[PDB]
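Below is one structure, written out as structure tokens; comments come after it.
Quick note: numbers below take in every heavy atom, side chains included, and nothing from hydrogens, waters or symmetry partners. Lettering of chains follows the sequences in order, A, B, ..., and the numbering in each one begins at 1.
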Number of protein chains: 2
Amino acid sequence: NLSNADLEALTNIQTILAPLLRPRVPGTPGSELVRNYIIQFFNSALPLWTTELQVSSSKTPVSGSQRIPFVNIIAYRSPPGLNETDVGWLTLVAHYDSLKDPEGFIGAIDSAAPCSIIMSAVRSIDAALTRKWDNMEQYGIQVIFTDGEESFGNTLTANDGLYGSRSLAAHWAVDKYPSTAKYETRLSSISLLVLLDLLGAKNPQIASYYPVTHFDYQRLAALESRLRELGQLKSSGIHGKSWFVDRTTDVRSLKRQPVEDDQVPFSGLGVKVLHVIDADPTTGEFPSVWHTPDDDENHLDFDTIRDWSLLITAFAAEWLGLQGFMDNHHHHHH
Amino acid sequence: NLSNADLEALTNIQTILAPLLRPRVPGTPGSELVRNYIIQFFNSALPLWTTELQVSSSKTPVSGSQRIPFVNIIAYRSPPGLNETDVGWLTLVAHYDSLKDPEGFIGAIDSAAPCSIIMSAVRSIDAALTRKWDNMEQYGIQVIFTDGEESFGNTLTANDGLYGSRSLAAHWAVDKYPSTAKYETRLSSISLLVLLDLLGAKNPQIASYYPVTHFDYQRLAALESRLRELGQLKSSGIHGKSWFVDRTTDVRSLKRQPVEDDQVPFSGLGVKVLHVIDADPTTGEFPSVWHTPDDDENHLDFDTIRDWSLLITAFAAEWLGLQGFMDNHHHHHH
């Protein structure tokens, strides 16, 4: 439970994002460049984190008989002195691949900003994480940047798209832990998966798609409103409309159909999933720039991206129980 | 494409079902009895079929630290002289476990009748299958009876229920075929999965839940109507209302939320899925006897079960291309 002091206590976003805003179609050199950038960001700025790749290959509707590689990026930090197989993971996810067609599509909100948002937020809590663990409970932080979320084919095809998340959920679901472990599979050790998608455009609308995580959705909404009351949001004023259009809906009145995305493989295998995607609550339509050459840096609203970063930081900090550890200011001390 | 002669050409259902209508909670001796019955049915009546078990264990909300076993039953027949890894499988599924609470629940429509319906239909096409293959294309027939579909816990819990189908979809998704094979995984070799659930009650209402299989739903509806026109349905007259309430909906107007069941793990991993479940189209409510001691043999409508068996037989026969092979009558010949 975070205090207003904790919130006031909360590599600029533009610096972290710039290197992501290039074509990164899976299997191409753009993908390798963006991937090594992300890994090097964690290796230099978050050295306490372990980084890892998960690799698969599969044919797609446009690759004929060639097998395209799909490389998920995983990075995590666990409380020290704990068997990693006893750790529950808060898991933050976005996809780092880009749509192939049209040639040179960038995917600024889809989903480079979401990736930057995650990198920024975990960077901002790392020091408080160290502070709270130095003091000491069986919960860690994890990010997954998925590859191959985007579909390649013209037709609608059940096995097209979500290549990275299907491969990752599959292999983690059969990564069987010791029988002495608190958790039964690597997949089952995910306590909450938060997928960010289509973020960075103005005035997003975020619905609540999974009853089993509506409480977390409401916690997220509560934090947004508190940061709005504190005057800490740059894209909205103290009287702005809340992004979270289901914040008052009762868990038993939720009836929106989920949007097919990276959370579906994990959810269908039994993971609690929270899908933070900007889509009209009534029509289901995505932002106007979606899958258009206009989803570029010049249509990003960076005040909204900064707000998203601040909110995700606050959410992760509340969830990992960092209250009283966000401020490390020391008076009369050098 | 089936002719009216083919349809007229189409171990009574009660004989196949009787042994299934006992408690069969996973891990208990009822489960082992029902499972060995099903396997022996295939071994004796369908000797051309290979049978196989897929085994996992997992804790549940009511087993404390004990791991409950979950045993899926799989049976299949492939065209001869074909590498099994080049075969696409039409796959018919129902769950053979029963709800634990209340004690002694039977699950007549949930889902013993669906299981009997599948066993009856594949029995009825086996001879035509032999006939069409003797004449000779890369498509086989497969049944899965899943265990642990039912949830055990009081609360709603993302990883409770669907134990068998989650385990089976997971392991088949990583069962990687030779690179020379037409299909890339055992999971990916499923061409169409048809899940039958909550069948055997009067006047079912079947909605279309997946656009990517709406065509198959419409083929199924078409067969129903033709069999109604032929006077071949025992539960409905030539003017009865069609069970398939979405038969005229355009693929682009489908907007019903899927019901969480055994198809979700397979669908989320990229399998085309057709969910034949009786639920009110407007409210989502299941049959009245659902999860009540009234879901027993005495509330089954066996004319409806016979109709379902006939319709599933017709669907599988149309799908496997058995036209002209359903009638083996020979005039002036002993």
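Atom CD of B:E260 has 12 or fewer neighbouring heavy atoms from other residues, nucleotides or ligands inside a 6.0 Å radius. Within 6.0 Å of atom CD in A:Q138, more than 12 heavy atoms from other residues, nucleotides or ligands are found, so the atom counts as buried in its surroundings.
The CG atom of A:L269 lies 9.5 Å from the OG atom of B:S165; values are rounded to the nearest 0.5 Å. Summarising the geometry, atom CG belonging to B:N159 is positioned 9.5 Å from atom CG belonging to A:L187; distances are rounded to the nearest 0.5 Å.
Heavy atoms closer than 4.5 Å to chain A are found in both the backbone and the side chain of B:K59. For A:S188, no part lies near chain B; criterion is any non-hydrogen pair under 4.5 Å. For a residue to count as touching a neighbouring chain, one of its non-hydrogen atoms must lie under 4.5 Å from one of that chain's; by this rule B:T155 does not touch chain A. If you measure heavy-atom distances from B:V271 to chain A, the contacts under 4.5 Å come from the backbone alone.
When A:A170, A:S56, A:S58, A:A173 are compared by the number of non-hydrogen pairs under 4.5 Å with chain B, A:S58 comes out ahead. In terms of heavy-atom pairs under 4.5 Å with chain B, the best-connected choice from A:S167, A:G268, A:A169 is A:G268.
You'll find the side chain of A:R67 reaches within 4.5 Å of the side chain of B:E184, heavy atoms only.
The shortest heavy-atom contact between B:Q257 and A:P258 is OE1-CD, 3.7 Å. The minimum heavy-atom distance between A:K272 and B:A158, with the atom names listed, is CG-CB, 3.7 Å.
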